[PDB]
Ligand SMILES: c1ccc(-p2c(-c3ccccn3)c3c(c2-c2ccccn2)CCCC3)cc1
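First, one chain by itself: the form deposited without this ligand, in structure tokens.
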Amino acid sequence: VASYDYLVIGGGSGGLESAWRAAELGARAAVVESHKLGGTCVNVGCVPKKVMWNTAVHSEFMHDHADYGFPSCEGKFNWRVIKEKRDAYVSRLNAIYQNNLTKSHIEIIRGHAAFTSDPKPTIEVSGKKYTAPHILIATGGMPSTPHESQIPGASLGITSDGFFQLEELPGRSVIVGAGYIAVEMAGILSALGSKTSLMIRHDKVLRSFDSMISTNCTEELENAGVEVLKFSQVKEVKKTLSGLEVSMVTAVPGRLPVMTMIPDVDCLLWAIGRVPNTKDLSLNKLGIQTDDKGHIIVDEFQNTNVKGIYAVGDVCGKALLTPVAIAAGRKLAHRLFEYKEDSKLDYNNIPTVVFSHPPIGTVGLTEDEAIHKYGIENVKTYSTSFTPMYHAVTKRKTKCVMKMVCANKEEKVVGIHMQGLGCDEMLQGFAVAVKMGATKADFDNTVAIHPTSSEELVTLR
């Protein structure tokens, strides 16, 4: 058994930051990674996705070519070309991440970690034992897929992982899910050409976001060639000699269920959820508590119930974002190694952008949550809806919706929600201002930047 000061299991987003931060503080760390470093984000998440998004966004502006006085280009997107580059990039970030670890004197124990029956928390990677006074579990999660028992033929569909393994643009796509991933896949596949259908159990997507986003996003989706099959469920899936045959049930409230076949399907993508990578860690060896779905139960300080063990990131099941895993890994290192006893991540006012078309940006409370936190009498909301001047000369259109939620009589901005061009880069500042406890006056007392879509947020009346 070899001792370190920190043994972080998982070379992902939260994993690495905590490892790096720890080393700066003089700690002797090592990171265990069983696959490629950089975790999900870099290999099958933020990075590969965003390249595909910039590409889909490219397909759109090309449509607007003639309106801007330019001749037209046919199209016929070559997926292979871009898949090759996307991959190259991803493999260049790998070398980089590895470099930085070794530059920081952080060992990388390549393999699969599992806890042992040894009294003090000790882990075993390929026969060898390693322990540390502080161990972090940053194993993240995996895409979930239905069971053949529930949906016979489920194994025939792919997931976001599989999406990143795709070599050519599928002619017909059906996506099952109504969250940001589902939406983003729907957006990219449809912009690049696949005849996309998004299949949701309800009438809207992103049903957890402010109602405006939920509503607008379902709209923009439809208005862009994506077919939204509301109130539908895949009953079973079959492999025909031409494609896949999705047998789905559609039960619109007030109507009788209608069974339907969607044939000639090239791709069936499962964007229904994420499961934790906890199973094979042998948590039961130490009695490390988890929930019914396998996530790892932690406190305000990422502590497990076992002294010396913490967990951060997707594995915990909360605020599943790279910057959140990162931020919590960062604060932990400062708590354990810098002794900042109250170093912890504030999970309120975490900003998030969905890369739909146009992009969604949001931070803070929804109207509902403000209503149920402060009371109707105390919640004011300001909003606007305009078409960006980019579409002043184009026949193709998209809107921009902005909503400001304000609490109490001072008008403390407790939440911002918006959708439209520039909203992806436009959100950070407001998240900082919002984090500071900005009121509607602070926003309204800032000189506008004209012409921008961002000036609308500071002139809401």
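Throughout, we count residues from 1 along the sequence that is shown.
We do not show the form solved in complex with this ligand, though everything after this point is about it.
For the candidate set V265, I296, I135, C217, a heavy atom within 4.5 Å of this ligand in the entry with it bound is found for exactly one residue, namely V265.
Contact annotation: of the candidates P121, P359, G193, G243, the single residue with a non-hydrogen atom within 4.5 angstroms of this ligand in the entry with it bound is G243. Taking the partner from elsewhere, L156 is found to have a heavy atom lying within 4.5 Å of this ligand in the entry with it bound.
Using a 4.5 Å cutoff between non-hydrogen atoms, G308 does not count as a contact of this ligand in the entry with it bound. Within this chain, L229 is remote from the site of this ligand in the entry with it bound, having no heavy atom within 4.5 Å. Though the partner is left out of this view, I371 does not reach within 4.5 Å of this ligand in the entry with it bound, counting heavy atoms only. Considering this ligand in the entry with it bound, the lone stretch of 127 to 135, 218 to 226, 332 to 340, 162 to 170 in range is 162 to 170 [heavy atom distance within 4.5 Å].
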